[PDB]
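Trainee: so I've got this experimental structure, pasted below with the sequence.
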Amino acid sequence: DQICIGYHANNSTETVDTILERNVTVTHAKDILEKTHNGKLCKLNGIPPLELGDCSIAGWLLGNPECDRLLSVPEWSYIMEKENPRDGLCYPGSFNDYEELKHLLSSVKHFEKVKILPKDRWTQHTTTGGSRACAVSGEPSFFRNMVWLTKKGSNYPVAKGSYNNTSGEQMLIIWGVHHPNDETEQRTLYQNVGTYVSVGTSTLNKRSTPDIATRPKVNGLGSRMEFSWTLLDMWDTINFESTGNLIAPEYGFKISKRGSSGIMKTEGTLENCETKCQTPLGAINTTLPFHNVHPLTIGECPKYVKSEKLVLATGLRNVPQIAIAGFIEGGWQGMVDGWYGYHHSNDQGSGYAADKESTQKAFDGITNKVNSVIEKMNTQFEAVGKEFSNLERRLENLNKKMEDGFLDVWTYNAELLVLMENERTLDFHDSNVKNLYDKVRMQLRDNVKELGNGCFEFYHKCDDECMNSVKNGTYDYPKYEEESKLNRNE
Amino acid sequence: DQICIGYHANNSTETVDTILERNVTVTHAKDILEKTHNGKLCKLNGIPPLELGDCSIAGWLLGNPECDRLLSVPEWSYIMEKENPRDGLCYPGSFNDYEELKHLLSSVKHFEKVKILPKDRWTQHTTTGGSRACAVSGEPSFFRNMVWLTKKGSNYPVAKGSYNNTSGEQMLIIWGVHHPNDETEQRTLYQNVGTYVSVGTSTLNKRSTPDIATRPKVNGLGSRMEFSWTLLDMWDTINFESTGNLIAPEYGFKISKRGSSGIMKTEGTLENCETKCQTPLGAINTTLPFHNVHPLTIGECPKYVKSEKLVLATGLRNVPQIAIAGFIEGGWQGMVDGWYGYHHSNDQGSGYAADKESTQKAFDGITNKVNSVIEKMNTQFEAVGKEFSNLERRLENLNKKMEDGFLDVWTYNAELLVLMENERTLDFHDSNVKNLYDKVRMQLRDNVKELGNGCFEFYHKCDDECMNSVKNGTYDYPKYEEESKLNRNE
Amino acid sequence: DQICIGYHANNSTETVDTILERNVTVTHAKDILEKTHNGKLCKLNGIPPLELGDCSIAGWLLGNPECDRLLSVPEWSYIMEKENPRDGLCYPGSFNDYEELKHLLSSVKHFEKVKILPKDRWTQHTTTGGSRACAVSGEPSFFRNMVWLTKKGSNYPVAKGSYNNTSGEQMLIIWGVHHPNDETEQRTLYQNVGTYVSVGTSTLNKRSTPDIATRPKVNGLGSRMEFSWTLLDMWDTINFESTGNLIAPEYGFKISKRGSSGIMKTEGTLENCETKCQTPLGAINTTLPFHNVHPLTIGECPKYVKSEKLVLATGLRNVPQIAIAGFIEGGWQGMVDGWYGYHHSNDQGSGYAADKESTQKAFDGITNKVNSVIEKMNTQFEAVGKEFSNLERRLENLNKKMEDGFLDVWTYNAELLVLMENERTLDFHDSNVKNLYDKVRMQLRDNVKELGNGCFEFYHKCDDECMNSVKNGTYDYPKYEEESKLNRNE
Ligand SMILES: *[C@@H]1O[C@H](CO)[C@@H](O)[C@H](O)[C@H]1NC(C)=O
Ligand SMILES: *[C@@H]1O[C@H](CO)[C@@H](O)[C@H](O)[C@H]1NC(C)=O
Ligand SMILES: *[C@@H]1O[C@H](CO)[C@@H](O)[C@H](O)[C@H]1NC(C)=O
Ligand SMILES: *[C@@H]1O[C@H](CO)[C@@H](O)[C@H](O)[C@H]1NC(C)=O
Ligand SMILES: *[C@@H]1O[C@H](CO)[C@@H](O)[C@H](O)[C@H]1NC(C)=O
Ligand SMILES: *[C@@H]1O[C@H](CO)[C@@H](O)[C@H](O)[C@H]1NC(C)=O
Ligand SMILES: *[C@@H]1O[C@H](CO)[C@@H](O)[C@H](O)[C@H]1NC(C)=O
Ligand SMILES: *[C@@H]1O[C@H](CO)[C@@H](O)[C@H](O)[C@H]1NC(C)=O
Ligand SMILES: *[C@@H]1O[C@H](CO)[C@@H](O)[C@H](O)[C@H]1NC(C)=O
Ligand SMILES: *[C@@H]1O[C@H](CO)[C@@H](O)[C@H](O)[C@H]1NC(C)=O
Ligand SMILES: *[C@@H]1O[C@H](CO)[C@@H](O)[C@H](O)[C@H]1NC(C)=O
Ligand SMILES: *[C@@H]1O[C@H](CO)[C@@H](O)[C@H](O)[C@H]1NC(C)=O
């Protein structure tokens, strides 16, 4: 008769990394890093994004004639913009606080265009001005959401306009100021020199004066146009007053829906698909705590790491070599129902077996460990992306260094955690096997003979019921004291 | 004769969490998180705070007529301000670089008011202006710390004034510019059109021109007042010059004391205590590495975590059940003098004991562990809290993201550290018990018989001195070697 | 005849720190923190720095007469500047966006000065102005890279100038505006009142008006000069137009070489030495992952921490005290071959030996642990250091807070890592020795008698070949079973 204690081995080729060893083959493993994507731009939670195409945000809001497909725009989940859009400001100029406007748009999901100043109200001025830069079918034209005021006859009276925000939400209003190239242009367009443009709300007070100077020609013109924006609160009034050089708004954008959104810089096209996580390269469908696809992401997505491999060991170490010995020589390829178990060879045949309580405890421990590593990570809606102007380099560097530092910290945390946990579980398995061996040895006492390979040779004749009692921890030592004593002394 | 090796158990119900198991009952535990406060706003280090009430910082510094109780304020530890103060700028207008001024006030603990420009020196102007917006008992009034200059007769001469900073410390000076509603108001107040206000120091050069336009009525007036502030260095001069629309200062604020302070947004009223860490909800009396009361604190306070439980295990696992058995079947409820011990049973009675060396070593190790966990955390006087305007949303988002990232980093660190250290301790105790058993077995050798439940049956007769020796570590094997061989063979 | 198992001891006094106990003496240890430096300012990768001396960046770029040595500066690796330089703006004034220019200079390694507007093209103006502030050898002078335009006779015509950037790279151009003290000075210099300065590029449009007011006297003058700068793109034009108060540039700075440089604030002088890492206190010459010299470094430098000691244990605990006993009583001073070994004593002699397999496994384990700790840290180039004005205190506080937080996080990480891995290394060594003892006992079975101090006593007579077989792992139990059974019973 004979009983042996050993562990389980299979044909797996999965390897993990520990703090003491590299490339350790294991029976089972779990990957906690996602490295794949579908390479497509899809809908987020069932709502399609807003595809700007070759247009810019300023061109969309101002009403560029080449962006006429965006006159009415439905609800969106995020905005897709090209890195260097072509159709922006057709008339050369600037746009004050552009990055602030984009950041505000990062948390707006829908707009509603409202006619706040009808074009026909300017009954004392000419409202049909145009330029060759914003030309449609050769003929000169202008922005579709703005009105250009010009003298009627040889008179430019004071232009006054007001609007009381009775819409129901905050309103975004954009106006502009014209900077001509020479005094002849100023006198031909506005008939007076020394003009002003005045805009004032309950919390805003701005006055601007045109600048007349020769400038390098952009898009064929030496003139410029400066645009400004404001947010009109509910039940608040905006006033306009100008003696010349005023580009007046005809529409105002009301914030109809609010939420978490962002601007994605991409050159692709929307495709028919759905997802819950979106990256500039493609969507992610995963349930793991890490990924290394792209730092910029929109939606509820796992943390981003600069790691090419993060594998948690779950099973034992694969050292399969092997009367039949025990755990000392190596693992077993015949035990296919548990991690740790027994092996017996008596008169009524032989065979393998598997201990239940120890395997259950080890399995529960490993499951708790992996769940604790996974669920201890906070996931929220992250839309990390910001634009800075050419005079805001220090702020941009600060933002970049902050993101880089946090990324490095989390990379170090994940790597060290996995490296140490793999070593601990590998030692845990050996400790469990040794504990089972010690328990069996203590329960058997002097009635058996050790062999040095994890196997015990019995002195008495142990049948199947006695082996079952041994495996279940119900061995009756007194029942075999007299029997085993005779052979031991002989 | 029996001598058993075991550990201590009690009737505790405290539970700790490890990385392999959850809700593990322990004999002793230590809490390293505090979740309680007294809910009272009250003194920091013996210095009462500055309670503004319904007044804002701008209203206090300018001298709003509704804040006359603040015209002479003593030392303070921190400033208490409401979220939306009611008595600020009685005259509608704006304040330039308001948030920078508040940040500067975050490091000032006392002000001294110095009369730098007496009201009676303006002998060629009228210095009794007022408005219905700032009215006391119905009659018009004005800010108590500034002078409104108006034409005398029908002339407004050029106004000049200067001050040389001979006070011994840095001084804060505030001036304002008036923006009328129409030309008639400008003519009846200053008699001139196209005026300027010039303020200049060694490192400052500012000139402003009033803007005349129709604006929505706030507090009944279409006019606005714009205020600016500067910091005048020691032995430096400030120059004022204006042809109209100048609100001139009468007082200056010199920084008498400097230190660490802050602005707390609460709606409560000062009460009586003597604390050292203040939160907007209440005070904290703690000696623990962490807390979860409120993020924004003033003083030296523990690190803030988004954790509801952080308990460190400092004792053994509580297995209640135990002739008398050993550590195989569980712990003892009758050994009340230590962690690891013995239990002997000879003809002269049977009682418990306690090994002192092992218990002392384990106690020292656990104490060093907890002190290493607690004492490596750096604590310092932190006054987190900053303010941003409507046109600085990117900066606000950057600040919030930085604070949140650091908070999650520390949360993960603390939770993982506690989870691992609990397993380390629970394995340490079992290893110590195993080592004690192994040492006793090795020094006893063949003279005893094992029983598999943790204790030994003696072959000779062991009196009290022999048990004292085996506990001591000076058991004499040759003394009983001949006697032991006699009964072992039989 | 007996054989013992023990470990290695020596005369070292190195000390390490663990999490359960402090001040542990180890046989071997590794220091991973450098605390030393040369104390000199040297050349980075063979390229000497730019020594500004008593000059500022503005003084060097504008051409202060005292800073006449920095007119043909060659390529540099980093810039050395003083905290309060003496030779800056000789004529009192300001410099708009000075900090942005200083930040841009941290990514430029060479400037080429090209003449864009020669001083002789101003045929209708006087270009020989000067002041007593910027005086050389008593006679008045001015900046060497700037031109002061004044009236010729009693006329100041419209001054126009332009330049097309055909140099081959981006250009840095600096201009200025003069602010006089009284109308008499303005009439004496420019003959016109109500002048302007206009500067325009493809993406820039600026207009300035002189300010005439009485100011405190700095350097003997009540007048100021305001300087501004731009970055001209390739194939772009800059236009200058002025009716007065224009300080036109004569040279433009071409970015000839771009890289990663920085500005170091020091009061020292350059010395003849080479280095790869530079700090304001000296140069670092290391391979270690950490240092604690100075937070601000330029080059490839280890991470900075606030620790005074970081030592990794790579050996055993030094407990030297010893028939010869084994590992129960202490280490051995005579077994200088490895870490773990045996001592044998038979009739053919006695001596010490070592087990090569276990020692090698432990050695590669410790080496792998050390390499894992050191190599996982990411290093790169970062010229840490930024400047902020007096109105940007919140931004400076944000930068300081972020840097301090990251430094604290990394210090905590390194300290806890060192403690836990030291503990695990000591436990590793103890477990290895115990495993060797268990292996020998298992292989030798009943032919030997245990003694309790790590030594076995053979029942048979074991010669040198049998001892070598025991060390080898090929001890033949049946070959000695018959003889060993005879002596044991008697
Ligand atoms: C571990 O395996 C990887 C590939 O799986 C190999 O690149 C690396 O060199 C291996 N490491 C060692 C120490 O053999
Ligand atoms: C704007 O409309 C609201 C609601 O009708 C009204 O209360 C408010 O007085 C209006 N504004 C003005 C300036 O009349
Ligand atoms: C995403 O993965 C889940 C697996 O949990 C699967 O059920 C689902 O169909 C997948 N969806 C897509 C769009 O691939
Ligand atoms: C263990 O299994 C044996 C099988 O022979 C059975 O007799 C015994 O009652 C079992 N004991 C327990 C506690 O399940
Ligand atoms: C642990 O106990 C708490 C309450 O004491 C309970 O809320 C929680 O669900 C328990 N966890 C498990 C895994 O049983
Ligand atoms: C201001 O006073 C100091 C000393 O009181 C003096 O040195 C300085 O010259 C004064 N300033 C002026 C402009 O006179
Ligand atoms: C126990 O050991 C100590 C050694 O310090 C000795 O002084 C004492 O006498 C011993 N006690 C007994 C009962 O042997
Ligand atoms: C330790 O012994 C070595 C001999 O190998 C000797 O060189 C060294 O000086 C000794 N150190 C001390 C502190 O005794
Ligand atoms: C550890 O050794 C150092 C010597 O470098 C000593 O200063 C320190 O006090 C020691 N630790 C303790 C706890 O005494
Ligand atoms: C500047 O020079 C480039 C070629 O070097 C030329 O193409 C461009 O037209 C020039 N600029 C102007 C305004 O003519
Ligand atoms: C720097 O360290 C290296 C170590 O390899 C050494 O050879 C070299 O002389 C050192 N140089 C200086 C300047 O210390
Ligand atoms: C010991 O093992 C080595 C294997 O490398 C073998 O060559 C040698 O003969 C063995 N010697 C003895 C005495 O077993």
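Mentor: The structure has been received and is ready for your questions. Residues are numbered from 1 along each chain as shown, chains lettered A, B, ... in the order given. Ligands and ions are numbered 1, 2, ... in the order given.

Trainee: all strands for the stretch 151-300 of chain A, in order.
Mentor: A:159-164, A:171-179, A:197-200, A:205-208, A:224-232, A:237-242, A:246-249, A:251-258, A:263-265, A:270-275, A:277-278, A:290-291, A:298-300 (DSSP state E, counting those that start in this stretch).

Trainee: count of neighbours near whichever residue of chain A sits closest to ligand 10?
Mentor: Relative to ligand 10, the nearest point of chain A is residue A:216 (5.6 Å; Cβ to the nearest ligand atom). Quick note: C-beta positions are derived from backbone N, CA and C, even for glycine. The local packing of residue A:216 (other Cβ atoms under 10 Å in any protein chain shown) involves 17 other residues.

Trainee: can you pull the contacts of the closest residue to ligand 2 within chain A?
Mentor: Using Cβ to the nearest ligand atom, the closest approach of chain A to ligand 2 is made by residue A:164 at 3.7 Å. For residue A:164, the contact set (Cβ atoms under 8 Å, 6 or more residues apart in numbering or on different chains) comprises A:235, A:236, A:237.

Trainee: distance of it relative to ligand 6?
Mentor: 53 Å (Cβ to the nearest ligand atom, to the nearest Å).

Trainee: which one, of the strands of the stretch 151-300 of chain A, ends up nearest to ligand 4?
Mentor: strand A:290-291 (43.6 Å).

Trainee: residues contacting stretch A:19-26, please?
Mentor: A:12-18, A:313-318, A:419-420, A:422-423, A:426, C:365, C:368-369, C:372, C:421, C:428.

Trainee: what about ligand 6: which of those touch it?
Mentor: Contacts with ligand 6 are made by none of the contacts of stretch A:19-26, judged by Cβ under 6 Å from any ligand atom.

Trainee: tell me which of the residues you listed fall in helices.
Mentor: Those of the contacts of stretch A:19-26 mapping onto helices are A:419, A:420, A:422, A:423, A:426, C:365, C:368, C:369, C:372, C:421, C:428, per DSSP state H.

Trainee: next up, the contacts around residue A:368.
Mentor: Neighbouring residues of residue A:368 by Cβ under 8 Å, 6+ apart: B:19, B:20, B:21, B:22.

Trainee: which stretches of chain A form helices?
Mentor: Going by DSSP H, chain A shows helices at A:57-62, A:98-105, A:183-190, A:357-375, A:393-444, A:464-471, A:481-489.

Trainee: correct me, but residue A:117 touches residue A:161?
Mentor: Yes. At 5.5 Å, residue A:117 counts as touching residue A:161 under the criterion of Cβ atoms under 8 Å.

Trainee: and chain A, which residues reach chain C?
Mentor: Contact residues, chain A versus chain C (Cβ under 8 Å from any Cβ of the partner chain): A:19-22, A:94, A:179, A:211, A:213-216, A:218, A:224, A:328, A:390-391, A:393-395, A:397-398, A:401-402, A:405, A:408-409, A:411-412, A:415-416, A:419, A:450, A:452.

Trainee: what's the distance between the nearest residue to residue A:348 once chain neighbours are set aside and residue A:353?
Mentor: Distances taken as Cβ to Cβ, 6 or more residues apart in numbering or on different chains place residue A:464 nearest to residue A:348, at 5.5 Å, with adjacent residues excluded. Residue A:464 sits 11 Å away from residue A:353 when distances are taken as Cβ to Cβ, to the nearest Å.

Trainee: so which of these two has more stuff around it?
Mentor: residue A:353 (16 against 13).

Trainee: contact partners for the residue lying closest to that one once chain neighbours are set aside?
Mentor: Ranked by Cβ to Cβ, 6+ apart and with sequence neighbours excluded, the top spatial neighbour of residue A:353 is residue A:342, at 4.7 Å. Residue A:342 is in contact with A:3, A:4, A:5, A:352, A:353, A:354, A:355, A:471, counting by Cβ under 8 Å, 6+ apart.

Trainee: what about 10 Å?
Mentor: A:3-6, A:326, A:335, A:351-355, A:436, A:440, A:467, A:470-471 (Cβ atoms under 10 Å, 6 or more residues apart in numbering or on different chains).

Trainee: over to residue A:124?
Mentor: With Cβ under 10 Å, 6+ apart, residue A:124 has these contacts: A:149, A:151, A:152, A:155, A:156, A:157, A:158, A:159, A:160.

Trainee: go ahead and confirm the third one touches residue A:125.
Mentor: Yes. Residue A:152 is in contact with residue A:125 according to Cβ atoms under 10 Å; the separation is 5.6 Å.

Trainee: out of the two, which sits in the more crowded spot?
Mentor: residue A:125 (20 against 15).

Trainee: bridging residues for residue A:221?
Mentor: Counting by DSSP bridges, residue A:221 forms beta bridges with residue A:218.

Trainee: count of residues packed around it?
Mentor: 17.

Trainee: from residue A:178, how far out is it?
Mentor: Taking Cβ to Cβ, one finds residue A:221 at 11 Å from residue A:178.

Trainee: what do the two both touch?
Mentor: Joint contacts of residue A:221 and residue A:178 (Cβ under 10 Å, 6+ apart) are A:91, A:93.

Trainee: for residue A:52, give me its contacts.
Mentor: Contacts for residue A:52 (Cβ under 10 Å, 6+ apart) come out as A:59-60, A:67, A:69-70, A:73, A:79-82, A:85, A:87, A:263.

Trainee: cutoff 8 Å now
Mentor: A:60, A:67, A:70, A:79, A:80, A:81, A:82, A:85.

Trainee: now do the last one against residue A:457, distance only.
Mentor: Distance of residue A:85 to residue A:457, computed by Cβ to Cβ: 84 Å.

Trainee: of these two, who's got more company?
Mentor: With neighbours defined as other Cβ under 10 Å, residue A:85 and residue A:457 compare such that residue A:85 has more, 17 against 12.

Trainee: so what's the more buried one up against?
Mentor: Taking Cβ under 8 Å, 6+ apart as the test, what residue A:85 contacts is A:52, A:54, A:55, A:56, A:59.

Trainee: repeat the analysis, applying 10 Å as the threshold.
Mentor: A:52, A:53, A:54, A:55, A:56, A:57, A:58, A:59, A:60, A:67.

Trainee: looking at these, which is nearest ligand 4?
Mentor: So of these, ranked by how close each gets to ligand 4 (Cβ to the nearest ligand atom), first place is residue A:52, at 71.1 Å.

Trainee: nearest residue to the residue in the stretch 251-400 of chain A positioned nearest to chain B other than its sequence neighbours?
Mentor: Going by Cβ to the nearest Cβ, chain B is nearest to residue A:365 of the stretch 251-400 of chain A, at 4.1 Å. Using Cβ to Cβ, 6+ apart and skipping the chain neighbours, the partner closest in space to residue A:365 is residue B:20 (4.1 Å).
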